[PDB]
Every structure is written in C-alpha cells, then in structure tokens.
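Protein chains in written order, with PDB author numbering: chain G, 1 to 52, 52A, 53 to 82, 82A to 82C, 83 to 100, 100A to 100K, 101 to 112; chain D, 195 to 246; chain I, 1 to 95, 95A to 95B, 96 to 108.
C-beta atoms are modelled at their ideal positions from N, C-alpha and C, and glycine is treated no differently.
Before any comments, here is the structure.
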Amino acid sequence: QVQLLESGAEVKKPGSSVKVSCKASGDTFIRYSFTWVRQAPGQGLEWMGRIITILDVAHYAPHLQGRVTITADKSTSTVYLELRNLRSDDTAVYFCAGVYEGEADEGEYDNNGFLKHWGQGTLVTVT
Amino acid sequence: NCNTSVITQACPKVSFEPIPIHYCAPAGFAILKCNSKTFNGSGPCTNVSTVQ
Amino acid sequence: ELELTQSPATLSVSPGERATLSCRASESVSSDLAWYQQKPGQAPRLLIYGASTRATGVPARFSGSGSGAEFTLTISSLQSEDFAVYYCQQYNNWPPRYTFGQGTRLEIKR
Ligand SMILES: *[C@@H]1O[C@H](CO)[C@@H](O[C@@H]2O[C@H](CO)[C@@H](O)[C@H](O)[C@H]2NC(C)=O)[C@H](O)[C@H]1NC(C)=O
Ligand SMILES: *[C@@H]1O[C@H](CO)[C@@H](O[C@@H]2O[C@H](CO)[C@@H](O)[C@H](O)[C@H]2NC(C)=O)[C@H](O)[C@H]1NC(C)=O
C-alpha cells in the first residue's frame, strides 16, 4: 500500500554535498520505518542507514556517518538523505525503501530489518 | 532550545519477577511502626512498635 | 561487522531447474535473513524474510531455509522470469549494522 517516489538524478563536484529524497504515499508516514541503500554502479548494495519515523531516530553504516545524515519531514511525508564531502567513490544509485510496521502510532512498532517497498533509484554522480 | 538525547543500547530479554525487599535501619537508627488496623494516611497511632 | 558470501557468483541453470542459492554468514543469525531479486534496472524485490517466509506477491516457486550461518534460497521449476541477481541480507544487529552478500546471477547455459 506504500508507494515510494524518488527525487531525480544529480551530479556534484567531489568535496561538495548532495541531498535527495523520497515521498511516501498511500499510507501514513509516521506509521512505519524507512531505510536507505546505495547501489553501486554495476556492483552490489550497501546499507546506508535506517530512520525510525515514530521516534525521530536514525542509525548509520559505520563507514558513512561522518558524511551521511538521514532525516525526514513527516509533514510532507518525505524521507531525506544528505551526503557531504562527496567523492567519485560515492557514484551510485541511491534509494529508499520501507517496511510496514505494526501500528507504530499505537506503540506496537516491530523494527523490521527487511524491506518490502522499494523506490525507483536515483543516480548521483560526480564532476 | 530542547534537543532530545538518544541512546542506542543492546536489547537482551531477561526473566523478570519482583522479589520482596526489606529495608533495615543502620546503626544508630530505628524504625517505628504503626500497628493500628484502622490507620489513616496520617496522624497519631497508639499502638506503636520498634523494628530494625 | 557482518559479511555475507554467496557461494556461486553465477549459478549454472536451465529452465525447469531447481535453483539452489546458498549464503554463508560471517556470524550466526536466527531468522533475521532475507532474500531479494535485483533485476536489471529494477528494484530489489523482496522474496523471503525470516529465513523462510515468503512475502506477499512472491510466487510459490520461491522457498528457502537455514540456521546459524548457513542459508539457502531455492526456486522450484525455475522460470526465465526468475533470472534476477539474488541478494542475501542479514539483519540481526543492534545497533542495526545490516549487511549484504555480493549477489548471485542466474544464467541459462548455451
Ligand atoms: C499492637 O499490635 C501488635 C501487632 O498485632 C499486637 O500484638 C500481637 O498480638 C497477637 C495476638 O495473637 C500476637 O500473635 C502477636 O505476636 C503480637 N505482636 C507483638 C509484636 O507482640 C499488640 O497487642 C498491639 N498492642 C496494642 C496495645 O494494641
Ligand atoms: C485522618 O486524617 C485527618 C486529617 O488530619 C484527621 O483529622 C484530624 O484529627 C485530629 C484529631 O484530634 C483533629 O484535631 C483535626 O482537627 C482533624 N482534622 C480535620 C481536618 O478534621 C483524622 O482524625 C485522621 N483519622 C485518624 C483515624 O487518625
């Protein structure tokens, strides 16, 4: 029931920063959690982090946290990813995913570690 | 400006069942107890005893 | 941290074959492992979670099991439709330092 609508593609000079986002639709944003992944350009996937929307809490992969911020603005049902101090090594397709949680609104949150709803993928490269 | 402080901790489950705990006064102190069966939340007791 | 290894990089298959895609973990997990289908240009669709439970929308062809650090995804009566790169994901982590395998491609030989 959850749709994820990714933001468009972008190109940034190394050392700079990029911010991308996903709009959630068809469900209640605060009801369930979202995660971000980085799909390397012809290589496998890297988990980047997780954001809990019921609690404004996020966790990050151990080699990314000095560069990555994951946030959200529930008033627009939007999940955001911000990366700073970019390198060509970060060229990848970035995207959101979500998992329905057991009524987080009622405090019955499951904290599911697997993802079901996936976005399209937004390519971010450098220049 | 208030900023919520968030701590992530391990989440083990444990057996959890309350055990009776008694409190005891240290040397130099004593605990008085009200023995009325009709005792109020406050006020005098005429049946008073001392316990450690 | 955790690492996952797919045994085949590419599995040698043919239509109607039983795919057997194993995954080895660097450390043990109990049920907190999931499988995904990465098709070219597509989202990595969820197939299996909880080691053996299939997600709604997943064909009955897909099933699997495992424990400890040894898990396998199998596909009964494999279709050309199933030729996705399969990824193994492990999430029994708190803080949630979740990981992925390198991905196994299926290929029809000829
Ligand atoms: C004050 O309360 C105590 C506690 O109930 C009364 O003494 C008890 O009387 C029963 C009767 O069988 C005994 O079994 C208990 O062992 C007694 N307890 C103690 C500590 O002696 C006591 O008589 C009451 N005193 C007054 C003045 O009412
Ligand atoms: C329960 O608490 C009330 C409130 O203090 C007690 O009422 C007082 O009792 C004393 C006894 O002489 C009176 O002088 C006060 O004027 C009372 N206060 C009020 C507001 O009336 C009451 O006696 C307590 N009950 C018991 C059993 O001790």
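Taking C-beta atoms under 8 angstroms as the contact rule, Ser22(I) and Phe83(I) fail to qualify, at a distance of about 18 angstroms. Taking a beta-carbon distance threshold of 7 angstroms, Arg50(G) counts as an interface residue toward chain I.
Taken atom to atom, the span from the alpha-carbon of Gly101(I) to that of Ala43(I) is near 14 angstroms. For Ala224(D), the number of other beta carbons within 10 angstroms of its own is below 16, and it is reported as exposed. Short note on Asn234(D): C-beta closer than 6 angstroms to some heavy atom of ligand 2. Around the Cβ of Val242(D), a 10 Å sphere holds fewer than 16 other Cβ atoms; the residue is exposed. The distance from the Cβ of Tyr96(I) to that of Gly100I(G) is about 6 angstroms, consistent with a contact at the 8 angstroms cut-off.
Taking a contact to require three or more Cβ pairs closer than 8 angstroms, the stretch 71-78 of chain G and the stretch 22-31 of chain G qualify as touching. Note: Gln3(G) is bridge-paired with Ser25(G) in the DSSP secondary-structure output. Contacts with chain G (Cβ-Cβ distance below 9 angstroms) from the stretch 83-95 of chain I involve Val85, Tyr87, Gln89, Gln90, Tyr91, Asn92, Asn93, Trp94, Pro95, listed in chain order.
In chain order, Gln43, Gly44 make up the part of chain G whose C-beta sits under 9 angstroms from the C-beta of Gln100(I). Taking a C-beta distance under 7 angstroms as the contact criterion, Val67(G) and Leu45(G) do not qualify as a contact pair. Inclusion of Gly237(D) in the 6 angstroms shell around ligand 2 follows from its C-beta lying nearer than that to a non-hydrogen atom of the ligand. Within 6 angstroms of the C-beta of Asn241(D) there is at least one heavy atom belonging to ligand 1.
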